[PDB]
Amino acid sequence: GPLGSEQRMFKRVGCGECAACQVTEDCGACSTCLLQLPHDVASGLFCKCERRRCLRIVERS
């Protein structure tokens, strides 16, 4: 951006660097994200693509 590419506050957003934070959906190649039931009837479930989890968690708000 015009004021740089650094973030002063990660508002529920990824590091912007690692693959996982580039990925937005289930990559379709994790033992877990293969278990993505499209007929979801809840609002939670930690059973999701582990390539949504930052490989270098540094965006802690």
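Residues numbered from 1 in each chain as written, not as in the entry; some residues may be left out. Heavy atoms only, no water.

Method-wise, the PDB entry is recorded as coming from solution NMR.

**Some remarks on the overall build of the chain**
What counts, and what does not: A run of H or I in DSSP counts as a helix once it spans at least four residues, and a run of E counts as a strand once it spans at least two, with each numbered from the N terminus. We take the radius of gyration over the C-alpha atoms and set the globule estimate at 2.2 Å times the residue count to the 0.38 power. Note on exposure labels: buried denotes an accessible area under 20% of the residue type's maximum, exposed denotes more than 50%, and partly exposed covers the range between, all computed with a 1.4 Å probe on protein chains only.
Along the backbone of the chain there are 1 helix and 0 strands. Its C-alpha atoms give the chain a radius of gyration of 14 Å, clearly above 10 Å, the size a compact globule of 61 residues would have. Summarising its shape, the C-alpha atoms of the chain cover approximately 40 × 25 × 20 Å along the three principal directions. Burial status across the chain gives 18% buried among its 61 residues.

**Some words on the layout of surface pockets**
Note the following rule: Grid points spaced at 1 Å and placed over the protein atoms alone form the basis of the search, with a cavity being a set where a 1.4 Å probe fits but cannot get out and a pocket an open set showing protein on both sides within 12 Å along at least five of seven lines. Lining residues have an atom within 4 Å of a point. Grid points are joined across faces, edges and corners, and a volume is the space filled by probe spheres set on the points. By the convention adopted, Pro, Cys, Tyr, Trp, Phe, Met, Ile, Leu, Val and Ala count as nonpolar, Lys, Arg, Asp and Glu as charged, and the other residues, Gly among them, as polar.
Taken as a whole, the largest pocket encloses approximately 230 Å³ of empty space. Along the walls of the largest pocket sit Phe10, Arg12, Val13, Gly14, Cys21, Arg52, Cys54, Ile57, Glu59, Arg60 and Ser61, which together make up its complete lining. Along the lines of polarity and charge, the residues of the lining of the largest pocket split into 5 nonpolar, 2 polar and 4 charged. If you add up the space inside the second largest pocket, you get close to 150 Å³. Here the residues of the lining of the second largest pocket sort into 5 nonpolar, 1 polar and 5 charged.

**Some thoughts on the environment of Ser5**
Tracing the chain through its elements places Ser5 in the segment before α1 (19–22). Looking at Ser5, the relative accessible area reads 64%, which means it is exposed. When the C-alpha atoms of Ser5 and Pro38 are compared, they prove to be 35 Å apart, with 33 residues separating the residues in sequence.

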